[PDB]
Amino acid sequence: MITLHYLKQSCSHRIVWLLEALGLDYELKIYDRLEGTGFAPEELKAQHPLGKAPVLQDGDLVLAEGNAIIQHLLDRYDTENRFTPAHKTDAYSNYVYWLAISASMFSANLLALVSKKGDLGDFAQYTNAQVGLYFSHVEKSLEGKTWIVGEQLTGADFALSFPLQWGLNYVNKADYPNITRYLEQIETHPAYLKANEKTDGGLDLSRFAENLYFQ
C-alpha cells in the first residue's frame, strides 16, 4: 500500500526513520544522486510534478514534502498518538511550530550557501546570520529538554533532524553542544539505526558536500 521514493543523502532519510518508528510495512525504492551536480535522477523526477524526493505513494495518493508526509503518516498510522502531543496544549502548538521551523531552517541553509557562492557582499553576511539565528534558537530551546517539544518524541524531531544535520556544515558545531547531544540521540535511536540498515547506510554524514543542498 505504501511506497517511498528515497533519494540517498537527502531529507528522505527522516521519513524512513519515521516509518520504522511507526512499525509500518512499505516498499522502498532507492535512488542515487547524479554525479557532480547531486541532482535527482530522471527516474525519480518522474514520480512527482516538482521532481524532488521524498515522494510517498499511499493508495491513490502521491505526496511530496517532508512535513506533509510526516503529518500524513501520523494522521493515518499513529493511532496511539505516540508522536503528536495532546491537542489544544502549548505542547501541540510548539509541535506544529517546530515542524514549520524545520522547513525555514532548510531554506536558511540553502540561501546563505547560495549568497556565498555567487557574490552578494553584505547580503551574504545577512543570510549567514540567519542560519546562526535558527541554530541559536534550537540550541537554546533544547536546554533542559530531551526532544524539541519536551519529554515526548514527536513528528517535529523527525522533521528537524535533517536541517540540523545539514546546517552543521555551515556553522561551527563546537558552538552547539545541545544540538550535538540531540543529534547523537537521533542518530542512535533504534528506529534510526533500522532506517540505516534498510538504506544501505542512511545519511553518510561524513561524506557531506555543498551540492547536497539541492536536487
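All residue numbers refer to positions in the sequence shown, first residue = 1.
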Stretch with higher mean Cα temperature factor, 29-37 vs 66-74, is 29-37
For 183-191 versus 44-52, entry-based mean Cα B-factors point to 44-52
When the entry's CA B-factors for 93, 136, 84, 128 are compared, the highest one belongs to 128
Based on the PDB entry, the highest CA temperature factor among the options 108, 142, 114, 101 is that of 114
The third of the chain into which the C-alpha temperature factor of residue 177 falls is the middle
Of the three thirds of Cα B-factor ranks in this chain, residue 157 occupies the lowest
Of the three thirds of the chain ranked by Cα temperature factor, residue 205 occupies the highest
Residue 10: CA B-factor among chain residues, third -> middle
Assert third(CA B-factor, residue 163) within chain per record equals lowest
